[PDB]
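Colleague: Protein chains in written order, with the entry's author numbering: chain Li, 30 to 151; chain LG, 2 to 51; chain LM, 60 to 176; chain Lk, 2 to 86; chain LZ, 1 to 133. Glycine is no exception: its CB is placed at the ideal position from the N, C-alpha and C atoms. One structure follows; several queries about it will come next.
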Amino acid sequence: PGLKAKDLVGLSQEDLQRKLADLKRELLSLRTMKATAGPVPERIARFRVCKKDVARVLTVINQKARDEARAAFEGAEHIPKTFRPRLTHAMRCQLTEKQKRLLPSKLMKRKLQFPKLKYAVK
Amino acid sequence: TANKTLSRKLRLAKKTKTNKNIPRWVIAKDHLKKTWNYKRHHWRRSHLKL
Amino acid sequence: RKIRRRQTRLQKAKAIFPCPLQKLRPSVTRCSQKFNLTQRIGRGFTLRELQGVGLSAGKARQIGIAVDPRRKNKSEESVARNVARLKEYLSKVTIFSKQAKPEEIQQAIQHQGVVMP
Amino acid sequence: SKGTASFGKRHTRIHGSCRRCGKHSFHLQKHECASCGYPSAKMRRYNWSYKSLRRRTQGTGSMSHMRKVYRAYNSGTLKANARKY
Amino acid sequence: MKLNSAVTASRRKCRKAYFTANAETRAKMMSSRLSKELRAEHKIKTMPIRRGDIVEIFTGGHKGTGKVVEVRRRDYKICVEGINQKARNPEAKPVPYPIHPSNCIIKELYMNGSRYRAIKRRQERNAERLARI
RNA sequence: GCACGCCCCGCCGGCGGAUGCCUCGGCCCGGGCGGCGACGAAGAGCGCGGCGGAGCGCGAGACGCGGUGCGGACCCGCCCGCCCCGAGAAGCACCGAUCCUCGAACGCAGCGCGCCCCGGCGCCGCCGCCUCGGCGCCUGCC
RNA sequence: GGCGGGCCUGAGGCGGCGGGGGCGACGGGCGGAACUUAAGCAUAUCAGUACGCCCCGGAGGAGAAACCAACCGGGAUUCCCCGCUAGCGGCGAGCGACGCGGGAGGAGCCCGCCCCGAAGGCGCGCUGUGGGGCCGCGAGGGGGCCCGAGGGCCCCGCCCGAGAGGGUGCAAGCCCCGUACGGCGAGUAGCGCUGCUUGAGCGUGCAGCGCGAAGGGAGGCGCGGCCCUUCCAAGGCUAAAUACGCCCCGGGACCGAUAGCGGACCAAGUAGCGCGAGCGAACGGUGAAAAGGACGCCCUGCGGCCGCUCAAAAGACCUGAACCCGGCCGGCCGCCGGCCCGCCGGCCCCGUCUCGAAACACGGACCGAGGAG
RNA sequence: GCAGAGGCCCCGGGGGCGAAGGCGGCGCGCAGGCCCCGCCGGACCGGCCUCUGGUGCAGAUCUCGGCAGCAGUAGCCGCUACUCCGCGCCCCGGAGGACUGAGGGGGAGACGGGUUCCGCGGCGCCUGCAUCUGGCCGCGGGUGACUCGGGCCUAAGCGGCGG
């Protein structure tokens, strides 16, 4: 396996950018070694692992950034569209249940006047 | 053709890259039995983009 | 289709257990000379018929009685027969209050089919 | 003269690759995709050839977004809808 | 008869499900009866076969007792140590004769730790059933 | 005459793919569903696997990455990577991200060129807002 | 005159929010054929259809009577059953509703006007805001014979709330998976003329233009009068029953690889073809297990021979037909009849239209599959 | 006679002690056809009654697939042409003899193709004879710009414009 994501989460974003630079330079030298050693393939099971490793550092760097930014715009009108509830285009363009069930004042009085009654006939 | 466009050069490039036989190891891994790319093309007989 | 329509009726019956599925509808002489003597269910009781049983349009709708204000009574006999239907239904119907005691609602028994056919 | 000799004078590309549909159907003089319909906003879809509709239609490609959304509605999108509503 | 309509009796659907089953389904289908002693100790009739489980073949030719060196989930077959195709050349290294796991009884089980947890789960669900629900 | 060509007393060999038998596929008929998109759809092009052509699946975090709950030994070749009351293979279900170019396709073209601060830069509505035009209707001052 | 201010119209920029495009069905709105039928062909029919365009939604549209009727009357809409005839039509070919009656399903309302006015959704607004599914266990079979292998036989058992089904080396309730049993109201109405449309006929619905009300509309033959019965157009909302592809699930007196989708084949709308719109294939099956061919003999080598694995080569593959062809053996020969069997006798090439075909009439090299009440 | 459906086939129809199919030979039926035996084959198959139909082929310039006789036949007739020797191929090298003959069978661009380019190996395919050849097959490479061309300008034209 490679770098465990949980260990990376504990690191600060400065520590993680340093780790990412080291992993991208490592990938560059593995690509160099794969090109230079053209006649015989060596499997290079460090190459595959460090490709995944770079992704697992990038996932932790985005997760920390999205969570931090989300709290800057938490409880604010007009948050960025990335931080908006996912829904769908139709749902995001639809009346809320309160607005669907809004009744005119005279109709509302009539509903209250005559409540629904449980009744049984025999 | 010597004065090629970039877009055209890149579409033609993929055709050369994908004009490859099935790797022998892939036939062993997949137990393919049939052994020919078929999508392979020959410059004289093929009419790419025609 | 028969199974699907039945399932819909069974779910609706469960939603309002004590309340019967069908509203009380009036006895109407079938239209034309051909069907004059025979009677059939109509849309709703006229306001005059619901003035004879002493009800109001809103009150009748709560006891599950369909009301039609378009329906004009025509003959005096029509008012009397339908007023009698309302009197029979009002005695038959039982209105549960106190929010909902589970036992009284459980023993209510759903009516099935047209009420007062 | 009408055929073989005149076929010898064929050395030009009447059509080119379409940006929208990537077929050799963009006319280079008139600038219109015979199949894609580009430069039009709407796609060229005609009900006389149902075979043409079947060759390029929803589901021929990956349908990467729609597949995701359909599964989510069958999972936890419906709940997020009720929470918003 | 089958009263749940959702289960399919259609030969085509059932054959397809066997051929295309997921690896977790494949592993459950690849199960073998536990020996009398194992049934008494683990209180379960059969277990999914793994590697390291000594099995006795009780059915067709190539009947023998051995550990399972390999499991071919794609072929729904297992390889039992000792059970091999006859070799034309004594020098040639033996090729295993694949055995369906239904054709074997598990004399000994590789206990592991997850296997203790999975036997326990089945034993507890089996007991709720044996209490007549 | 013989050979040839016919016929076939049989006996074999060829060439073809018929006939049977099956069959992870069709085809009808019911249910269920009705869930796309400027928060970038459908579609398209180029990529991406240690060995990798096609198909699938992804998108420069690429034949995937994370989180949780399952599962519990494999991983179609060669590898190497696991292996173990947890240490975690295949598999499974959600959920969170990433997401090149084109495309309703959005600075302008379609692969070439700008403007501008550092946010960016398409169009049409709607509602406010700010700036200001009119010898439209007048008004006040000096 | 010149400047400031309001109001009224516009202009640029910013912010928030919406719009656009996709889907071979169902749905709404439009534009709109022709082949065809009429044994010709103009009206008609096809058909208020194909196709083109535009627009939604899970349904849509429709919808709470300016309704139907003529009664010992009903009562929004949609959908189903029945009447399929009332009518229409070169009254020709054809075409064509509806009200009753039986059902499914049921549910009602609002605005303008009108009164009060800013009490309001308050930068607006007095040209009137506001009120009146997941998860889970899961029963019971041995012995002999024999087989490459039982899931075969032959004796005996057992479990069935489970003898649906699939797999497993030959036909398995008991070998495996599962199955049965669980749990969490005005440019309007109308009218005049015109075009389109309907079954609607001196006008069914619509529309252009001209003219245009007030108590008005309808009652299936126009006009003028008088009644009568029934309703309120020129504004808006509305669930339910109803329709239906993609996809998902289940089933079938369905098809079985020239069939069934064009497409069962690890890569089909693929390979390939056409400048393009577009067109568009073929291709299933070794075996239980790859055990996919030991060894020796030879060959310059290629390759051959022995045999090997297997139950069997079943050797790039199941069975392996016909046509067609090579070896070897037997004859000299078409069909029908007679006989020991190569002689005698008879015999034109079928299908087909046709008065009449062996026809110098037409179709047919051959064989297999498919092929038409 | 064919294909499916509902029953039956007295201990619950016939089957790896050999199903269907194929091939040769009987027998039975006026005949459609059926039945048996041997051989190949290798897993399914019927008789009877009731039911259902995409139910029986010699023709259709029938569809699709194979394939015969013609037949080792017609042909392999342009662009002057090859020969000797050597690992000796139409490869290659040397030597003779030629030819295209500077609007070249010469050397380069535009377009169109799209790797055909080059080196190494190879002949299973193709090179209508052959191949040790090659544009063929496999493998590994290959196109470097301030000054050349695009880009840029406008032409014929085309798109855009409150509307």
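When you compare the CB of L116 of chain Li with every CB in chain Lk, is at least one pair closer than 8 Å?
Modeller: On the first sequence, position 87 is the one that residue 116 of chain Li refers to. Yes - at least one Cβ of chain Lk is within 8 Å of the one on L116 of chain Li.
Colleague: List the endpoints of the continuous beta strand (DSSP E) containing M47 of chain LZ.
Modeller: Start at 1 with the first residue of the fifth sequence, and residue 47 of chain LZ comes out as number 47. Per DSSP, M47 of chain LZ belongs to the beta strand (DSSP E) from 46 to 48.
Colleague: Tell me the rounded alpha-carbon separation between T25 of chain LZ and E124 of chain LZ.
Modeller: For the purposes of this step, residue 25 of chain LZ is taken as the residue at position 25 of the fifth sequence. For the purposes of this step, residue 124 of chain LZ is taken as the residue at position 124 of the fifth sequence. Distance between the alpha carbons of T25 of chain LZ and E124 of chain LZ is about 22 Å.
Colleague: Between LZ:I54, LZ:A27, LZ:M30, LZ:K28, which has its C-alpha nearest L38 of chain LZ's C-alpha?
Modeller: Indexing the fifth sequence from 1 puts residue 38 of chain LZ at position 38. It is LZ:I54.
Colleague: With a CB to CB cut of under 7 Å and the five nearest residues on each side skipped, what residues in its chain are close to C78 of chain LM?
Modeller: As a position in the third sequence, residue 78 of chain LM is number 19, starting the count at 1. Counting only Cβ-Cβ distances below 7 Å, and skipping sequence neighbours, we find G123.
Colleague: Under DSSP, the alpha helix (DSSP H) around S137 of chain LM begins and ends at which residues?
Modeller: Your numbering for residue 137 of chain LM matches position 78 in the third sequence. First-last of the alpha helix (DSSP H) with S137 of chain LM: 135 to 151.
Colleague: What are the residues of the region 8 to 19 of chain Lk that lie near chain LG, defined by any Cβ-Cβ distance shorter than 7 Å?
Modeller: So the close ones are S18.
Colleague: Within 10 Å of its beta-carbon, does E91 of chain LZ have 16 or more other beta-carbons around it, so buried, or fewer, so exposed?
Modeller: Along the fifth sequence, read from residue 1 onward, the residue named residue 91 of chain LZ stands at position 91. So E91 of chain LZ ends up on the exposed side.
Colleague: Which of the three DSSP states, helix, strand or coil, is assigned to residue 135 of chain LZ?
Modeller: Nothing can be reported for residue 135 of chain LZ, as the shown portion of chain LZ is limited to 1 through 133.
Colleague: Compare the C-beta of residue 92 of chain Lk with all C-beta atoms of chain LG and state if any pair is closer than 8 Å.
Modeller: Since the first residue shown for chain Lk is 2 and the last is 86, residue 92 of chain Lk is missing from the structure and cannot be characterised.
Colleague: Assuming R73 of chain LZ and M30 of chain LZ are in contact, meaning their beta carbons sit under 8 Å apart, how far apart are those beta carbons, in whole angstroms?
Modeller: Along the fifth sequence, one-based indexing puts residue 73 of chain LZ at 73. Along the fifth sequence, one-based indexing puts residue 30 of chain LZ at 30. Going by Cβ atoms, the distance from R73 of chain LZ to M30 of chain LZ rounds to 7 Å, so yes, they are a contact pair.
Colleague: Please report whether the beta-carbon of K151 of chain Li lies at a distance below 8 Å from any beta-carbon of chain LM.
Modeller: For this step, residue 151 of chain Li is matched to residue 122 along the first sequence. So yes, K151 of chain Li belongs to the interface.
Colleague: Following the continuous alpha helix (DSSP H) through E97 of chain Li, name the residue where it begins and the one where it ends.
Modeller: As a first step, residue 97 of chain Li is located in the first sequence; it is residue number 68 there, counting from the start. First-last of the alpha helix (DSSP H) with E97 of chain Li: 74 to 101.
Colleague: What first and last residue would you give for the beta strand (DSSP E) that runs through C104 of chain LZ?
Modeller: Taking the first residue of the fifth sequence as 1, we reach residue 104 of chain LZ at position 104. Looking at the DSSP string, the run of the beta strand (DSSP E) that includes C104 of chain LZ is 104 to 106.
Colleague: Beta-carbon separation of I15 of chain Lk and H28 of chain Lk under 8 Å?
Modeller: Along the fourth sequence, one-based indexing puts residue 15 of chain Lk at 14. Along the fourth sequence, one-based indexing puts residue 28 of chain Lk at 27. A contact, by the Cβ cut-off of 8 Å.
Colleague: Among Li:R60, Li:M62, Li:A94, Li:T88, which has the Cα closest to the Cα of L37 of chain Li?
Modeller: For this step, residue 37 of chain Li is matched to residue 8 along the first sequence. Per the Cα distances, Li:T88.
Colleague: Would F155 of chain LM and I168 of chain LM be called neighbours here (beta carbons separated by less than 8 Å)?
Modeller: Position 96 of the third sequence holds residue 155 of chain LM. Position 109 of the third sequence holds residue 168 of chain LM. Cβ atoms of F155 of chain LM and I168 of chain LM: not closer than 8 Å.
Colleague: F143 of chain Li and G117 of chain LM look like a contact to me (Cβ under 8 Å); what is the Cβ gap, rounded to whole Å?
Modeller: Here residue 143 of chain Li refers to the residue found at position 114 of the first sequence. Here residue 117 of chain LM refers to the residue found at position 58 of the third sequence. That belief holds up - the Cβ atoms of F143 of chain Li and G117 of chain LM are roughly 4 Å apart, short of 8 Å.
Colleague: For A167 of chain LM, decide whether its Cβ has a neighbour in chain Li, counting only Cβ atoms nearer than 8 Å.
Modeller: Residue 167 of chain LM sits at position 108 when you count from the first residue of the third sequence. Judged by the 8 Å Cβ criterion, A167 of chain LM is in contact with chain Li.
Colleague: Considering only their Cβ atoms, is the gap separating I99 of chain LZ from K67 of chain LZ smaller than 8 Å?
Modeller: Here residue 67 of chain LZ is taken as the residue at index 67 of the fifth sequence, counted from 1. Here residue 99 of chain LZ is taken as the residue at index 99 of the fifth sequence, counted from 1. For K67 of chain LZ and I99 of chain LZ, no; Cβs fall outside 8 Å.
Colleague: Go ahead and pull the three-state DSSP assignment for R57 of chain Lk.
Modeller: Here residue 57 of chain Lk refers to the residue found at position 56 of the fourth sequence. In this structure, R57 of chain Lk counts as coil in the three-state DSSP scheme.
Colleague: Hey, is the region 52 to 71 of chain Li in contact with the region 93 to 104 of chain Li, meaning 3+ C-beta pairs nearer than 8 Å?
Modeller: The region 52 to 71 of chain Li is not in contact with the region 93 to 104 of chain Li.
Colleague: Residues of chain LM with CB under 8 Å from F143 of chain Li, in chain order?
Modeller: Locating residue 143 of chain Li in the first sequence gives position 114, counting from the first residue. In chain order: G117, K118, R120, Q121.
Colleague: In chain Lk, which residues lie with their C-beta within 9 Å of the C-beta of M120 of chain Li?
Modeller: Within the first sequence, numbered from 1, the residue matching residue 120 of chain Li stands at position 91. Under the 9 Å cutoff, chain Lk gives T78, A81, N82, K85, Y86.
Colleague: Taking all protein chains shown into account, decide if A100 of chain Li is buried (16 or more other Cβ within 10 angstroms of its Cβ) or exposed.
Modeller: Residue numbering aside, residue 100 of chain Li sits at position 71 when the first sequence is read from its first letter. That one is exposed.
Colleague: Quick one: what's got a C-beta closer than 7 Å to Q42 of chain Li's C-beta in the same chain, skipping five residues either side?
Modeller: Taking the first residue of the first sequence as 1, we reach residue 42 of chain Li at position 13. Cβ within range, chain order: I90, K93.
Colleague: Given a cut-off of 8 Å on the beta-carbon distance, is the pair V112 of chain LM and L149 of chain LM in contact?
Modeller: As a first step, residue 112 of chain LM must be located in the third sequence, where it is residue number 53. As a first step, residue 149 of chain LM must be located in the third sequence, where it is residue number 90. Yes; because the gap between Cβ atoms is below 8 Å, this pair is in contact.
Colleague: Hey, could you find the ends of the beta strand (DSSP E) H16 of chain Lk is sitting in?
Modeller: For the purposes of this step, residue 16 of chain Lk is identified with residue 15 of the fourth sequence, where counting begins at 1. Unbroken beta strand (DSSP E) run through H16 of chain Lk: 16 to 18.
Colleague: Taking the beta strand (DSSP E) that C14 of chain LZ belongs to, which residues open and close that run?
Modeller: By one-based count along the fifth sequence, residue 14 of chain LZ stands at place 14. Careful: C14 of chain LZ lies outside any beta strand (DSSP E), inside the alpha helix (DSSP H) at 11 to 20.
Colleague: State yes or no: is the C-beta of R89 of chain LM within less than 8 Å of the C-beta of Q98 of chain LM?
Modeller: Sequence index remark: in the third sequence, residue 89 of chain LM carries index 30 (1-based). Sequence index remark: in the third sequence, residue 98 of chain LM carries index 39 (1-based). Yes, they are a contact pair.
Colleague: Using the beta-carbon of each residue, which ones in chain Lk are nearer than 9 Å to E126 of chain Li?
Modeller: Taking the first sequence and counting its residues from 1, the one referred to as residue 126 of chain Li is at position 97. The contacting residues are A83, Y86.
Colleague: Buried or exposed for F104 of chain LM, please, with buried defined as at least 16 other CB atoms from any protein chain shown within 10 angstroms of its CB.
Modeller: As a position in the third sequence, residue 104 of chain LM is number 45, starting the count at 1. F104 of chain LM is buried by the Cβ-count criterion.
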